[PDB]
Amino acid sequence: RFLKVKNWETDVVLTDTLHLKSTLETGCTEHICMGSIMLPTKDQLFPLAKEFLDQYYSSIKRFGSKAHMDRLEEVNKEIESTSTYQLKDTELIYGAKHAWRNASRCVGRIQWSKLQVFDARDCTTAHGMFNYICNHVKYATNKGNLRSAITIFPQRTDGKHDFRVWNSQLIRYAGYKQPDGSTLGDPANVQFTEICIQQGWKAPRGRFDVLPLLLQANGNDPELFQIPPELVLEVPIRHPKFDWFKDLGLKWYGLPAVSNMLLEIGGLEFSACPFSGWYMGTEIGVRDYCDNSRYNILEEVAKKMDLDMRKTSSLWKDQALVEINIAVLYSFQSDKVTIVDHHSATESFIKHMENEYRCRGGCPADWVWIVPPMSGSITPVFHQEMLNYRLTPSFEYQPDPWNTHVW
Amino acid sequence: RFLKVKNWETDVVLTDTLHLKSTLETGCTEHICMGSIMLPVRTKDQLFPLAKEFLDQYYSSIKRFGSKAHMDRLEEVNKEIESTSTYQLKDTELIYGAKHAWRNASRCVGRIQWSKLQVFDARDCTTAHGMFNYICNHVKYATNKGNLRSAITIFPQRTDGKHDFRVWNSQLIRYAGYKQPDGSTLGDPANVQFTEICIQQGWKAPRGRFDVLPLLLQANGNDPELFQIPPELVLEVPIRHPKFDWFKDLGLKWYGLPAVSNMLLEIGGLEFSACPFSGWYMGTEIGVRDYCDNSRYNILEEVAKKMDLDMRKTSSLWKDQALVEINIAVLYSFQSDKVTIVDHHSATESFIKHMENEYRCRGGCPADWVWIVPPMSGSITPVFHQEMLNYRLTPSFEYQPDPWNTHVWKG
Ligand code: HEM
Ligand code: HEM
Ligand SMILES: Cc1cc(N)nc(C[C@@H]2CNC[C@@H]2OCCNCC(F)(F)c2cccc(F)c2F)c1
Ligand SMILES: Cc1cc(N)nc(C[C@@H]2CNC[C@@H]2OCCNCC(F)(F)c2cccc(F)c2F)c1
Ligand SMILES: C[C@H](O)[C@H](O)[C@H]1CNc2nc(N)[nH]c(=O)c2N1
Ligand SMILES: C[C@H](O)[C@H](O)[C@H]1CNc2nc(N)[nH]c(=O)c2N1
Ligand SMILES: [Zn+2]
């Protein structure tokens, strides 16, 4: 009820009080830790509304003030009449930023308060969605000088009038299963790439084909759109010493923009809410490039470094993993597209933890996700105990719409 | 009630029913996960349930459940408890107990080996000198001139908690660390306090970077006594690199025998406070943590200096690059000298098949992800992509506080 977290490298010890304001459930019990699992009416809404608005009015130095009470009453009357309510702009901006402040899996939260919010709640069709999305992508990209942004489409209603971006990110490469047996392009999107073509996408069948957005408006059938190619900034990957690296023909996109999540604010569900920041290098170099289920390039790379692939113990995978990540970071820097390395980003996160501890009483953080997928223990987050708990407003994972949409 | 873990790399799904035989608290709640926190006299009343649970288990495993042998041993243990307040394990129960503590060790990546453990029964030991001798024999048997073999030595159990056997060392073989007046350390920063207790206790310190601490040994609640392990018993490996000839001029070496001696073995409710055990190193324990943690030997800067890396910007990944070379060097060195060692690719792959096998044969495998995933190259080892349930089975190994914090000094 006054839990402590120790850093084992610096002996700094922090006291967490924020967790007793925790609301949702984690997956763990005192009998079983599920720390490493990827996925663990009118009456319901008003308390959720009340909970959120109380924190909002607290944060603006106006807890228990006339303006505060007036809003609680106004919101109560709207729920009782309509079955829901609408957020004020300012509430909506606060909510969005706080959902980012609460994502216990994001290492990047030092930035949480710098988030440009684009209120797309007046949108009604998928063409409108496309327009809004294009504008997001162009604003956030900013010719390589990336800026965090989120775009918020209309909240859930009866629940068969949902807005969704069917893509899991705004910008992703296609995947096709070949007669050969191997996979061409990105194997993570095969399923979605099929559903695209089935809806009429004229696939070029390449290894790096920017997918078309599939947008669903007001619970209607999903429609296809190509993002203006001049909007999708991409980066050709070269190595600062390995001249031959460019011949693997690798590129990656500059803008990471998660588009399949659900934002919950004060009991309201915003099911379409793509948001974007900028990459930490290991996300592309370690995961996208090297995972077995992804582009899986280690073998090809090791082979050109003429490493001894004869036995695991030469650590050829490890050697090649590093140079790949050096190449990712080098290319982005040379092309002036914002990117942060895992050292700098984890170091930023420790400052941000310490700031949230002294300024908020804590910081929910999921160690399994915060510690980079390479070089863990030489980055300072490895030595840092973290408590993970679920606060609201938050981003939540949601089922792929195709598993749930009625056609 | 069943639970499922997915492998996100292979889509294999496993079902855990083993967690239903689970006892101790995790530290987690439905509200908070403490999955990354390092640290999450027993009366007569509480002992026979624990004895019975253990002995039902043992007898199950030897295919004798409900036998006469089983019922008599239950009765016999009951009697011992009500007559003496404690009880004594048979040899075969001890062995089985200690194999299972290892099998249940959720933070141990080496568990495929659990059924091959050499148990040394040291329950007749009465004095520190006695402990020394037992320990020397352990070291020598386990080392086996570099062909390492897993072993554990088990000293008498806790009684009233006033007569505890303890090995004050955290590992039987570990180097000293000496804080200097300038603020810097010579040797292993992690052993400064304990090294200080050793000097306090009469040890004459060489004051070098790789000085093997003396054993500090407590028997029957008495004050502990010093003993130098015989240096001919201390296998060491000097660290060189297969391509970099300057690496040996860093002056590094490490001991071959990893032997944790600070944990408490719990079997059937009995508490063995001195049960030092040992196996063989995974390369990354030395090469990443021992050598490259900032609060340890901290050699990353010196190594990257020699490699002429660009050290002016973290994004050159000079730290990451020097780290791998070092790890290549540790493994090269152990292999050339014929000392058993396993790399992390090999260790995790072995672990994944053990875990799978355990699920089929036993209905689960408690695994702590935070500890199982190696501290470099995380996602190119198959453990990274593997969901894991963490839960506490007995018999088990527990952390216990350091003795100097608890010991009542006799004089
Ligand atoms: C500004 C630079 C940012 C950086 C460097 C960053 C970093 C990261 C990283 C490395 C992860 C783990 C992702 C993975 O391995 O798949 C992550 C997860 C996440 N971040 Fe960020 N982030 C940034 C911006 C944002 C923004 C603007 C938001 C919200 C508006 C956000 C919210 C999230 C959420 C909700 C997750 C977890 C997603 C999941 O469960 O898959 N991040 N972040
Ligand atoms: C085959 C040789 C072995 C290898 C390579 C191995 C591997 C490992 C590694 C890498 C760790 C974590 C290291 C750390 O961060 O300190 C560990 C932890 C552990 N292992 Fe093993 N293991 C081996 C044998 C054994 C044996 C023989 C036992 C006892 C019978 C054992 C019980 C444990 C326990 C209790 C822990 C957690 C210790 C703690 O909480 O500090 N292991 N194992
Ligand atoms: C089944 C499933 C569940 C879940 N909660 N998340 C995933 C996402 C899976 C989990 N690792 C790979 C994939 O993430 C891709 C998104 N990456 C971009 C980023 F989120 F990491 C990111 C990075 C930098 C800035 C950002 F704004 C940003 F959003 C999958
Ligand atoms: C506060 C604290 C709690 C806890 N449960 N363990 C520790 C021990 C901490 C945990 N990582 C650093 C320090 O261990 C040093 C020795 N480890 C050796 C080994 F266990 F990893 C090992 C490796 C290989 C074979 C073995 F038999 C073996 F026992 C510290
Ligand atoms: C804070 C965190 O739990 C701590 O640094 C852990 C992380 N994972 C680890 N994993 C192993 N094998 N050994 C360790 O000492 C640690 N340290
Ligand atoms: C099973 C395990 O939870 C899974 O591999 C997780 C581990 N940590 C992760 N960490 C990050 N940042 N991103 C991921 O996709 C994952 N995957
Ligand atoms: Zn947990």
Side-chain angles (χ1 to χ4, degrees), chain A residues 31-33 35-36, chain B residues 5 16 18-19 21-28 34-40 53-54 57-58 61 94-119 142 148-154 167 170-172 257-282 284-285 289 342 344 347-348 350-359 361-375 383 386 388-400:
Chain A
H31 277 288
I32 194 139
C33 183
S36 63
Chain B
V5 293
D16 181 293
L18 192 54
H19 75 276
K21 305 293 167 152
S22 204
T23 28
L24 324 159
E25 290 157 331
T26 59
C28 294
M34 310 203 324
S36 91
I37 315 289
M38 192 99 85
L39 298 157
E53 265 152 49
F54 172 70
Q57 282 151 219
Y58 178 72
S61 88
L94 191 75
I95 283 153
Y96 164 102
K99 277 172 192 201
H100 279 69
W102 187 6
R103 202 187 173 169
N104 297 343
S106 82
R107 293 169 163 192
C108 186
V109 81
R111 286 176 289 174
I112 191 169
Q113 284 283 325
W114 79 271
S115 68
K116 294 108 174 216
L117 176 61
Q118 179 65 228
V119 176
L148 275 42
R149 309 179 263 205
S150 290
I152 181 176
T153 290
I154 301 157
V167 172
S170 52
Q171 312 177 32
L172 305 175
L257 191 69
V260 160
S261 61
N262 63 347
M263 290 179 98
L264 181 146
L265 175 50
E266 170 172 340
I267 303 174
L270 305 176
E271 291 184 323
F272 301 86
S273 44
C275 53
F277 56 90
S278 49
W280 56 78
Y281 270 112
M282 191 168 68
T284 50
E285 313 173 63
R289 312 301 313 287
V342 74
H344 50 291
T348 51
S350 279
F351 183 73
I352 275 312
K353 286 160 189 181
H354 167 64
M355 182 180 169
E356 276 175 4
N357 182 53
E358 284 291 72
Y359 265 80
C361 93
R362 204 194 184 196
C365 179
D368 177 352
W369 195 96
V370 170
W371 280 56
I372 297 304
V373 177
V383 289
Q386 179 63 58
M388 288 175 202
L389 298 172
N390 192 204
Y391 53 93
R392 302 173 70 203
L393 297 176
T394 52
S396 75
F397 284 117
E398 295 302 336
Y399 191 80
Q400 57 182 331

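The chains referred to below are lettered A, B, ... by the order of the sequence lines, with proteins before strands, and numbering in each begins at 1.
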Which atom of [X] lies closest to which atom of [Y], heavy atoms considered:
X        : Y        : result
B:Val5   : B:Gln386 : CG2-NE2, 3.9 Å
B:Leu24  : A:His31  : O-ND1, 4.2 Å
B:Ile267 : B:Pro395 : CG1-CB, 4.1 Å
B:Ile152 : B:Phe397 : CD1-CZ, 3.8 Å
B:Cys365 : B:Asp16  : N-OD2, 3.9 Å
B:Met263 : B:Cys275 : O-SG, 3.0 Å

Output yes when a side-chain donor or acceptor of [X] lies under 3.5 Å from a complementary backbone atom of [Y], and no otherwise.
X        : Y        : answer
B:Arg111 : B:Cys108 : yes
B:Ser350 : B:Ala347 : no
B:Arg392 : B:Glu25  : yes
B:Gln400 : B:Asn262 : yes
B:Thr394 : B:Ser396 : no
B:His100 : B:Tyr96  : yes
B:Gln113 : B:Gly110 : no

>> For a side chain to side chain contact (heavy atoms under 4.5 Å, CB included) check, start with the C-alpha distance between B:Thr23 and B:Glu53, then their side-chain angles and the critical distance, and finish with the verdict.
In response: CA-CA 11 Å; B:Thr23 28; B:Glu53 265 152 49; 4.3 Å; yes
> When you check the gap from the basic side-chain N to the acidic O, do B:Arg103 and B:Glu358 get nearer than 4.0 Å?
Replying inline: yes
>> Walk me through whether B:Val342 and B:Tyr281 qualify under side chain to side chain contact (heavy atoms under 4.5 Å, CB included).
In response: CA-CA 6 Å; B:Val342 74; B:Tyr281 270 112; over 6 Å; no
Spacing of [atom1] belonging to [X] relative to [atom2] belonging to [Y], to within rounding of 0.5 Å:
X        : Y        : atom1 : atom2 : answer
B:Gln118 : B:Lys99  : CD    : NZ    : 8.5 Å
B:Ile154 : B:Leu265 : CD1   : CG    : 5.5 Å
B:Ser22  : B:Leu393 : OG    : CG    : 5.5 Å
B:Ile352 : B:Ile112 : CD1   : CD1   : 11.0 Å

Are side-chain heavy atoms of [X] and [Y] found at a separation under 4.5 Å?
X        : Y        : answer
B:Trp114 : B:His354 : yes
B:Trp102 : B:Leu117 : yes
B:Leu18  : B:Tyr391 : yes
B:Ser278 : B:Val260 : no
B:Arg107 : B:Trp369 : no

>> Between B:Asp368 and B:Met388, does the side chain to side chain contact (heavy atoms under 4.5 Å, CB included) criterion hold? Intermediate values first, please.
In response: CA-CA 7 Å; B:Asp368 177 352; B:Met388 288 175 202; over 6 Å; no
> When B:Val109 is tested against each of B:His344, B:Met282, B:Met355 for side-chain contact (heavy atoms from CB on, under 4.5 Å), which residue passes?
Replying inline: B:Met282
>> Assess, by modelled atom type and distance only, whether the side chains of B:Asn390 and B:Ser106 contain a donor and an acceptor separated by less than 3.5 Å.
In response: yes
>> Quick one, B:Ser150 with B:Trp280, criterion side chain to side chain contact (heavy atoms under 4.5 Å, CB included). Give me CA distance, side-chain angles, the key distance, then yes/no.
In response: CA-CA 7 Å; B:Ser150 290; B:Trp280 56 78; 4.0 Å; yes
